[PDB]
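We give structure tokens for two forms of one protein chain below, kept apart as structure 1 and structure 2.
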Structure 1
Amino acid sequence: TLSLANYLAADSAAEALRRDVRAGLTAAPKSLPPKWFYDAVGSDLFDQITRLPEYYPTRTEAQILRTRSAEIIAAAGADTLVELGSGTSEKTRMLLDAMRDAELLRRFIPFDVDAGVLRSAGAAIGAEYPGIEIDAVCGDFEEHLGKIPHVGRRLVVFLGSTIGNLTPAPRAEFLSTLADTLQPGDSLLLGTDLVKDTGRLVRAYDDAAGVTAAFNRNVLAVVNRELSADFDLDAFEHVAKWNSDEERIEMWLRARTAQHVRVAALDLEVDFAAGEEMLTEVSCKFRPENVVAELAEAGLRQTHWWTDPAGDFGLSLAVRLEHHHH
């Protein structure tokens, strides 16, 4: 059967956006949070990015998961699959199939901000896996991870490389809170994109076809639409950079010429100097030894680590850290 629990108010997304745009556009170094990339148009654009020859991470993680699903499912011994976030719905069915092959599959708990997607995905999954209990939760990572039911033995998965879109401090915060929801017996599956040739990294975030550029610019269309702003999308250049000290990709929008922007819903007048850059996304890249340390600091012990043949990407399986005090 299907059960949906919807914790987001009608104006949750609207109020969150007003705050983020006002905070981002009036900071001395302008920025916009990457989460606003993903309206209908942006999610479609991102979907296309996953099939771009330069953008390897989605396909590499998918290929690792394809190969390791049975082993992940054996390792976890879990009967309940909890999926955190979007865009991983084909990867979801790899894990669900593996759990069904193992005769363990009982419960599926998707957690995402879009209730409509959950209702659709829940009806579909429910049909493809007769007898499964689907407890869908519509909420956000900030506030609602606690709302995920602790029924059964749970494999909690967070795929799609979203973890790297958080800088070290909010990332440490997120992982720790995630770890806190795990009961003994539960496992966390986590994908991390690895440090590699910087040419490859930059091209992945600035493809030859210019799709990533459109995806970046689209966040301006979102602000235009939702807050009645007058960004001139054609006035902003897409810039992807390798930050070697932070070992992360950065995406920027750079004003070709001086721009004056009014966000009418906010009664906010904003100025861009010619060449001024606005930060729209970071994509942190990891070293294998650093993934274990970060997991440890969050209260997790890595029990498995899998990579693709090129060492481009790693999947971790982790469990609650052991403590023996004296």
Structure 2
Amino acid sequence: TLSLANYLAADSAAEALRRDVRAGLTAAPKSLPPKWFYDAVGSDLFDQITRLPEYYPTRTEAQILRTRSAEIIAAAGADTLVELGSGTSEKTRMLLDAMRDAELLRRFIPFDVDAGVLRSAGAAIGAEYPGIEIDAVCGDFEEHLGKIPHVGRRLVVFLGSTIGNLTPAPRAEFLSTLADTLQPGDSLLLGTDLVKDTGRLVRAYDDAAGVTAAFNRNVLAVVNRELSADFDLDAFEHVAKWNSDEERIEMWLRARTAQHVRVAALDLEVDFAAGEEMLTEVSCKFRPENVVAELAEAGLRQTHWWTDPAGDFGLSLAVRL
């Protein structure tokens, strides 16, 4: 009853991954793709982040899920739960319980770039819900959504405001593509962190424990290990900023001094100037009405909207137009 499909394993997929890292490192303003945070070490660092006092999103969303999962399941009526950027799927157990309770649960399809997190969560869920079929998919949710099985009536969930780690142009492409993988009867549950006080927003990405910093820097450890690079992690400092124009948090890594870095697997040497900054992640924060309009543009209609009392975070349920 357990399966794993691995689409990131192909050299065709590897080439695209490496091409995107190369483009980031060779652009006039440097960047790295957010997906490279998530090797085994990074997946655990994010798990640490979810427990920080500063990082309100996980517990806020979990509280909405704890109190609204029945409602969500009743509206979706799905027998199949698809989770994008699933990670450890800890919040997802609330959804799985509610589907099981409703006597609908037949299948769980976790989808992640990290196959380790898939094998762990997959084996766990497989045991916690005997008789369920598990179809783990290792892929890039910007490239491999078409590989998610079309079986049954599906609730696709994208929690944790991961959607905000895409800038508006690829975000629109992603949502349009996602919409086009949905069949009649399918649903999207989307978590979106909302615009709020920016002290709160910036602190959630710049905790006093240094955890987010370590998580940010680890992207250099991943590149170092996997692409034969020689970034000096000590040479770069974590920077979190509020971009008010784009209404998004931005994580940067800034060079303390001039750095000269080879990435051997890419046949690539790059340099940083003193004080030069590299963009490692964006975290877009949303206004409620813009979420409605973004879904609509993609060909999706918001049918349900749930928020916490303080309006820190929203969950949307959407169907095809």
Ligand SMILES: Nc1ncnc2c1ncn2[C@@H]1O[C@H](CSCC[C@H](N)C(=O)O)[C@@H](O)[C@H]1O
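For numbering, take structure 1's sequence and count from 1. If you superpose the two forms and keep the largest set of C-alpha atoms that fall within 1.5 Å, you have the rigid core.
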> Just one of these is the form solved in complex with this ligand; is it 1 or 2?
Replying inline: 2
> Which listed residue, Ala123, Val202, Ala209, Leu233, is the one whose CA shifts 2 angstroms or more between the two structures with the rigid core aligned?
Replying inline: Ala123
> Do you see a C-alpha shift of 2 Å or more at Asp114 between the two structures, with the core held fixed?
Replying inline: yes
>> On a rigid core superposition, would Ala136 pass a 2 Å threshold for CA movement between the two structures?
In response: yes
> C-alpha of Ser12: shift of 2 angstroms or more between the two structures, rigid core aligned?
Replying inline: yes
> How much does the C-alpha of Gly160 move between the two structures, in Å, when the core is lined up?
Replying inline: 2.1
> Upon rigid core superposition, what is the positional shift of the Cα of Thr88 between the two structures, expressed in Å to one decimal?
Replying inline: 5.4
> In Å, how far apart are the CA positions of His260 between the two structures with the rigid core superposed?
Replying inline: 1.0
